[PDB]
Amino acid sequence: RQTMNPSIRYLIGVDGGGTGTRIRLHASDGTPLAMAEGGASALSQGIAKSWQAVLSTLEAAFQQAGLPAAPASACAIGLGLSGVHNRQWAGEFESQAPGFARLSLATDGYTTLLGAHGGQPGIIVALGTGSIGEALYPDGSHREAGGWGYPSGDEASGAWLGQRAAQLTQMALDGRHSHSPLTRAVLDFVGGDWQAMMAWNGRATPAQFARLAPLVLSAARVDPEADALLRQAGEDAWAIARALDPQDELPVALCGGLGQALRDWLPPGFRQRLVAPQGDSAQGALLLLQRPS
């Protein structure tokens, strides 16, 4: 019945990254009070904006739960944000932080891992604009694979698929290759001509390349070139997982919208072992408070 640390009255779980922020507000006893969404809070977009994003979304959580906003000193907050890998961004973030009773900062992927397997050992492979694999071992340890970053890494992510798709189209445009369905679809998407791809590729970002991913999906059923990209993404996803668990000893969940759309191209032996995640990242952020720093 009693709760530890009577000064802490609220438990907050925050999931933030690239496109938005999701917050789960709970009572110190575990009672789910509210759940809210807000703007993006990836650290790469700014520390001050990140907090403004998290706080504004937290402000909505209380309101939504018919409760007056509580002082920071009465709250324990765990956050899984994109950009925590960067030591410098995490520091300014922790430094610019309100006076929460307790703050636990982890990455986007770690809290997704914790939520997917309810805090129990396991692995997750997250495929979105980018990609990463995270694992929690029975001995308490944690490891990562993949997730090194956009240009060179991020295999099986949609930015990876977009880059390849764009490259194939560029090759079709200058004669190194002939056109194919994917290639024609990408050319129209881009603007319809040489100049258009040149301009488009000139200002490309991970999010822009990722917008080509759905074009690879549609084209793959009629174009062997797109089919190979999807298949390679499938193998790379498996490779991420095998590096974290060589003997397939732990449970595995495939997170991300791209992951659901890629299912048919996942190696059968890897797909067969997938399990639905028990909770989302915001849930995992809550679990962060229930463990050591």
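All residue numbers refer to positions in the sequence shown, first residue = 1.
Asker: Which has higher Cα B-factors on average according to the PDB entry: 89-97 or 190-198?
Answerer: The recorded data point to 89-97.
Asker: On mean C-alpha B-factor from the PDB entry, just flag whether 204-212 or 67-75 is the higher one.
Answerer: Higher mean C-alpha B-factor in the PDB entry: 67-75.
Asker: Take the CA temperature factors straight from the PDB entry and tell me which of 256, 224, 268, 32 peaks.
Answerer: Out of 256, 224, 268, 32, the record gives the largest C-alpha B-factor to 32.
Asker: Highest recorded C-alpha temperature factor, please, choosing from 239, 252, 48, 233.
Answerer: Comparing C-alpha B-factors across 239, 252, 48, 233, the maximum falls on 48.
Asker: Among the modelled residues of its chain, does the C-alpha B-factor of residue 261 lie in the lowest, middle or highest third?
Answerer: Residue 261: CA B-factor falls in the middle third of its chain.
Asker: Should residue 36 be placed in the lowest, middle or highest third of its chain by the C-alpha B factor in the entry?
Answerer: Ranked within chain, residue 36 CA B lands in the highest tercile.
Asker: By the record's CA B-factor, is residue 167 among the lowest, middle or highest third of residues in the chain?
Answerer: Lowest third.
Asker: Among the modelled residues of its chain, does the C-alpha B-factor of residue 83 lie in the lowest, middle or highest third?
Answerer: Middle third of the chain for residue 83's C-alpha B-factor.
Asker: State the tercile, meaning the lowest, middle or highest third, of residue 154 with respect to the CA B-factors recorded for its chain.
Answerer: Answer is lowest: the recorded C-alpha B-factor places it there.
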